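S.K.: here is the sequence, then the experimental structure:
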Amino acid sequence: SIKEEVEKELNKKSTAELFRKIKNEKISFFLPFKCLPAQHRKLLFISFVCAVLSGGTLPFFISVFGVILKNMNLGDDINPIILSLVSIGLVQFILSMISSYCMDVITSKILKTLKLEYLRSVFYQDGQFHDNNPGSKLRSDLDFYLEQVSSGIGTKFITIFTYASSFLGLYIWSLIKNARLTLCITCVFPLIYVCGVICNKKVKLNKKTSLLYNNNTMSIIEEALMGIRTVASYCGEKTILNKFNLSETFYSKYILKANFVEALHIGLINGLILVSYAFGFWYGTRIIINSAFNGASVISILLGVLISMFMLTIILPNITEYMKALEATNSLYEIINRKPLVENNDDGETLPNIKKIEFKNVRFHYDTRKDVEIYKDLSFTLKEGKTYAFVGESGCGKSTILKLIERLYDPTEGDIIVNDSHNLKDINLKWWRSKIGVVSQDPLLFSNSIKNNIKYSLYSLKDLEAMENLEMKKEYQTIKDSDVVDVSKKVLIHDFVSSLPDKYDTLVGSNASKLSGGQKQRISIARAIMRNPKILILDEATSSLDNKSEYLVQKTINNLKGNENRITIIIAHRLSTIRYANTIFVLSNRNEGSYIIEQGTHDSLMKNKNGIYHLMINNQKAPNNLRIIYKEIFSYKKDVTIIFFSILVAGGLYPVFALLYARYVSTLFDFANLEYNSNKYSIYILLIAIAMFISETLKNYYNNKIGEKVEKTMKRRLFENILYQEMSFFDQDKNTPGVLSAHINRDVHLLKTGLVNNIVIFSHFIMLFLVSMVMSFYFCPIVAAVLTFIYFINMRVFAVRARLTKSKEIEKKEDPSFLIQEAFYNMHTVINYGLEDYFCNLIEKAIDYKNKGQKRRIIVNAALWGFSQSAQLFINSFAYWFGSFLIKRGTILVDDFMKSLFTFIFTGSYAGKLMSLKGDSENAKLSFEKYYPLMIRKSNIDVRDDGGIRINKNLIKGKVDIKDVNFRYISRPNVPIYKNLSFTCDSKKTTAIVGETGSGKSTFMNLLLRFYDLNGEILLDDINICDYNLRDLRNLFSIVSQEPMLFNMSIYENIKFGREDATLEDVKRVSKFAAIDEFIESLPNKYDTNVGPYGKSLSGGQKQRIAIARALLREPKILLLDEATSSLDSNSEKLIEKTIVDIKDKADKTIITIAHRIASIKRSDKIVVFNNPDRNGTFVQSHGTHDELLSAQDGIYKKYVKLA
Ligand SMILES: O[C@H](c1cc(C(F)(F)F)nc2c(C(F)(F)F)cccc12)[C@@H]1CCCCN1
């Protein structure tokens, strides 16, 4: 979107801001490297030194460059120095390779470790944290941090040192060779950084004010799209567009000012370099002539200084990423360093046996709703060898009971006394959980096999066997299956499993999906049984069973072992499950705390008294698409020629600088008549600078100008088309507001930052390409041919970075992903049993597949990166050798070679610099193809059409006649609504309507304003509605909806909505007649106050009276009311009813109403009611009563006089 882009642009703090931000909080730079062995702590030194060496390369190359040129011009050999490059290049390659390996063996390790540590903390959550940050969010966080640290810690941390070393070569070498020259050169760049700083603020100050005018448009759009119906009826299509257009302009002008300043500064940058070169050569020559020191030594200075100040452009970004990654990890660290509150030691002193588990006034609140206490006087005791039972709903608080028995929530005052001399906190957690069997509402298991799902609890038991006195992987095979076998016959799951083969050898689906729900419950129950359940707890277990499965489970559990000493619980909705019970506790808070209310059994309370249980058992018992765009563009003429000119200049004049540099180099080695040449060339360089500045500036500025004008003219057509569309269009599902605003706010901005930004680049690149390939071959065909062959085959067959990024992205997408996803669903079941079974299993399933792909990826990619760094050296050397080999045998001179070379090189480099500013085009070429039909679609109801009968307000009758209707919504053309409707309203005569609620009453008004065209036969004054030229038809009705809708504009306009030709005095008189101008007169900005969006700064009564006065202004002939006083407070409702009766006293308008206030209905001179006896539709029962037929026959009016 647009807002996100600008927020990203503005919320981009510098390195100084980050430095001051990290200064106070004191993040350790040792933070990412903490879990390292000392092995890696030494290994890291290798890549450190293997970096600094490779960055001490270029100073040598530069200190031999000038001597190559001197040795070449005046006829001598160059062979030794060539070797003194090539060997050096080789060592660079080696070092580069090595460094890669080191990173891709460090990072992964210190990555992987932290993963498990994070994961560990998730399995020591103290219950409440499962509610705080539940599940998937954490995965939406975790992986994010990985991509924020696996892309800011690798090679991009070390390269800077190389560059630093390179800096720390060049300048100081240039400093020892000479002093004054490089100072007089470098004096200028501070004046560049100054301009950059000064221009950034002038960008931002306009950028924000551009946003102050945007969001207003968004509000205008959405606020209008919700209020489509009132806008349609009241004819405010035009006034909105004025607001929209008046808002666009401020935005456009500000953003264009910003773009202008930006292009200006960029041009200045492309200008100053040339003045730098010129003054450099001039001053150097002058001090040579004053000397009587070589000239070649000058050449090696300049480039070096320049390239030095290139490195500062490219160092700084990488740093930020590292720092970014750094703070990211800090977050995760304080997540591992949390302090859960129910953490274990497996060391709490446990007892021999269980007796006297007592409770006293459980007082506990939810963590969020601290001001909502849950239980008040819950107290009881649970002695060994006793059964119990409970009944309730699924939100009363039994979840907290289960969490208390399980030690997940720790109540404040309620005690957990057990055995009368020990606390559950003194007692071990895991010994407590070892002897517990629970089966929740839904069964929850894992996806390996049935027997191993069962043996998980057994593993949890063997843990206690081996811990208090790595055997775990061995003893688990000691556990057998026959227990599961002879208990599987008891739960009657032998036929389903015997049917298909592979009884338990089969692997069951995700969360054991292949079983039925009841069968998964059978297996969960068998698990609970096999784990020595000292207590069995069901949590709405039978809430989703048919009768047979529940009864079989009941027979299974009622006579189950350990009945001498256990606490069996059976919770459910139906009560027959507790037809037998030794004790039943029931509670309620009948609103700040519950407590036990009743006790008893089934028979001794079903027919004993009229308590709660008795009441419950008694009651319940393509081409042209874009050619359109190109047409709209080339209609512009003044701003196409100028971009064309500046393109030609900036393209076909930069290569000239290459040969100009060459012609200076040659004459720099001829001591005679050297001054005149120096002048004659330096001046030309100045002129080139002057031209390039202007050309680039105007290029960028008019580019942005054109894009802006296109967007402005585009949104207008789209919005002005979509506004007038019909209503059934909006009735569709996929015709949503949000999608449409998204189109308007995204696709067009892509259309600017897409097409027009990409076409210019292609034009400029192609121009430079053609001029160079036409220029070089004229001087030296052989060299240019071979060079083009080399770069072609290199970049299109040995494309190193492309293949590298392919490897990175195809690897970044990535079965531990299956297990890790499976875990966070069955969090409950791992808390039931098994914490470190998977802590170690995931490590294995990761490392088994890590290394084999790791070796191939690293051994392939490190060499690619190494060769990527050490190519241009070899190319330049090969070029010089081939050149001299031709020169000495005398086939081509030196100057043609020099010229062709420099042209080719500088143009290639600059085109590489320039291509990295493109934008997205495919998505923009696709969006247009998507939303083009909407800005052309035919509405089928257009007010703009003026072909029909004209009507004048002076001669309106107000008679209506209807015969029959069978209407069917488009949401469901399967069940009709209206059937055989017919009635009348003669003239200035009330007609009150009352029907069954939801009987389609408030759809009839849609038929009148043609919101839904059409079986059905209307007659207004004995002509059908469809030939009245509806432009006028919506200027004499008026509506008072169930809810009004106020717009962000002030009162004076909303009340003037529709009719601008409305003086303030009309507003005053119609307000006093509306009985409203008493609160408004007593406030500043009387007819000027700005309400909020949707009038959220207002009441209901004032809103309604305003909505009514907005209708009264037109003096509409046929008023249409519908239920305007539903649920208002006393005084406003009173004033409103007063105004209604005041209006209805005057029989000057044919009023229609829908109300249920019999005191006002009786005055109605007509009654017509709509019944819906059976679900077929609606039709009339009574007619022509008008209070003369009070209760004479069976109907609904008799009801609405006695019922109502
Ligand atoms: O063309 C220049 C360039 C320089 C140098 C350096 F001077 F460091 F050896 N190496 C470049 C490389 C290289 F592969 F690192 F050699 C590729 C492309 C451009 C390079 C860059 C790219 C934009 C124009 C000025 N800096």
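M.R.: Perfect, thanks for sending it. Numbers count the residues shown, from 1 in each chain.
S.K.: which residues does residue 81 contact?
M.R.: 64, 67, 68, 71 (Cβ atoms under 8 Å, 6 or more residues apart in numbering). Using the backbone N, CA and C atoms, a C-beta is placed for each residue, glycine as well.
S.K.: mind doing that once more with 10 Å?
M.R.: 64, 67, 68, 71, 877, 880 (Cβ atoms under 10 Å, 6 or more residues apart in numbering).
S.K.: ok, how many other residues are close to residue 325?
M.R.: The tally of other residues near residue 325 (other Cβ atoms under 10 Å) stands at 22.
S.K.: SS state for residue 1010?
M.R.: Classification of residue 1010 using DSSP: H, G, I helix; E, B strand; the rest coil returns coil.
S.K.: the lengthiest helix in the chain near the ligand anywhere?
M.R.: Longest helix of the chain, by residue count under DSSP state H: helix 237-291. No: contact between helix 237-291 and the ligand is absent, the nearest approach being 10.5 Å (criterion: Cβ under 6 Å from any ligand atom).
S.K.: same for that helix, what does it pack against?
M.R.: Where contact means 3 or more Cβ pairs under 10 Å, 6 or more residues apart in numbering; DSSP states H and E, helix 237-291 is packed against helix 180-186, helix 189-212, helix 215-226, helix 228-234, helix 296-336, helix 654-667, helix 674-722.
S.K.: for the contacts of residue 81, which one is nearest the ligand?
M.R.: Nearest to the ligand among the contacts of residue 81 is residue 877, at 12.8 Å by Cβ to the nearest ligand atom.
S.K.: chain neighbours aside, what residue packs nearest to the closest one?
M.R.: residue 85 (5.1 Å; Cβ to Cβ, 6 or more residues apart in numbering).
S.K.: specify the angle between the longest helix of the chain and helix 654-667 in degrees.
M.R.: Going by axes from the mean of the first three to the mean of the last three Cα atoms, to 10 degrees, helix 237-291 is angled at 10 degrees with respect to helix 654-667.
S.K.: tell me what angle helix 237-291 forms with helix 674-722.
M.R.: Per the same axes, to 10 degrees, the angle that helix 237-291 makes with helix 674-722 is 170 degrees.
S.K.: check contacts around the residue nearest to residue 920 when sequence neighbours are not counted.
M.R.: Leaving aside its sequence neighbours, residue 920 sits nearest to residue 754 (Cβ to Cβ, 6+ apart; 5.5 Å). With contact set as Cβ under 10 Å, 6+ apart, residue 754 has these partners: 707, 747-748, 918-925, 927-928.
S.K.: repeat that for residue 631.
M.R.: residue 624.
S.K.: after the helix or strand hosting it, next one along is what?
M.R.: Residue 631 is part of helix 623-634 when elements are defined by DSSP states H and E. Sequence-wise, the next helix or strand downstream of helix 623-634 (DSSP H and E) is helix 638-651.
S.K.: only C-alpha atoms, please: export that next one in CSV.
M.R.: Backbone C-alpha positions of helix 638-651 (Å, rounded to 0.1, in the frame of the first residue of the first chain) are rendered in CSV as follows:
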residue,chain,number,x,y,z
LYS,A,638,5.4,19.2,-24.1
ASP,A,639,6.8,16.8,-21.5
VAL,A,640,7.7,14.0,-24.0
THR,A,641,10.1,16.0,-26.1
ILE,A,642,12.1,17.3,-23.1
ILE,A,643,12.5,13.8,-21.6
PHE,A,644,13.6,12.6,-25.1
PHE,A,645,16.2,15.4,-25.3
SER,A,646,17.6,14.8,-21.8
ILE,A,647,17.8,11.0,-22.5
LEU,A,648,19.8,11.6,-25.7
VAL,A,649,22.2,14.0,-24.0
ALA,A,650,22.9,12.0,-20.8
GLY,A,651,23.2,8.8,-22.9
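S.K.: so what touches it?
M.R.: Outside helix 638-651, the residues that touch it by Cβ under 10 Å, 6+ apart are 267, 270, 633-634, 636, 691-703, 705-706, 709, 760, 763-772, 907.
S.K.: just stretch 6-22 next, same as before
M.R.: Contacts for stretch 6-22 (Cβ under 10 Å, 6+ apart): 1, 27, 29, 200, 203-204, 207-208, 210-211, 214, 255, 316-317, 319-320, 323-324, 326-327, 330.
S.K.: if we go to 8 Å?
M.R.: 204, 207, 208, 210, 211, 316, 319, 320, 323, 327.
S.K.: any idea which of those is closest to the ligand?
M.R.: Taking Cβ to the nearest ligand atom as the measure, residue 316 is the one of the contacts of stretch 6-22 closest to the ligand, at 15.5 Å.
S.K.: what about the closest one, how many neighbours?
M.R.: Neighbours of residue 316 under the rule other Cβ under 10 Å: 12.
S.K.: do residue 832 as well
M.R.: 23.
S.K.: and the spatially most distant residue from the centre of the chain, how far from the ligand?
M.R.: Note on the chain: the largest C-alpha distance from the chain mean falls to residue 292, namely 70.9 Å (Cα atoms, centre = their mean). Here the criterion is Cβ to the nearest ligand atom, to the nearest Å. By it, residue 292 lies 33 Å from the ligand.
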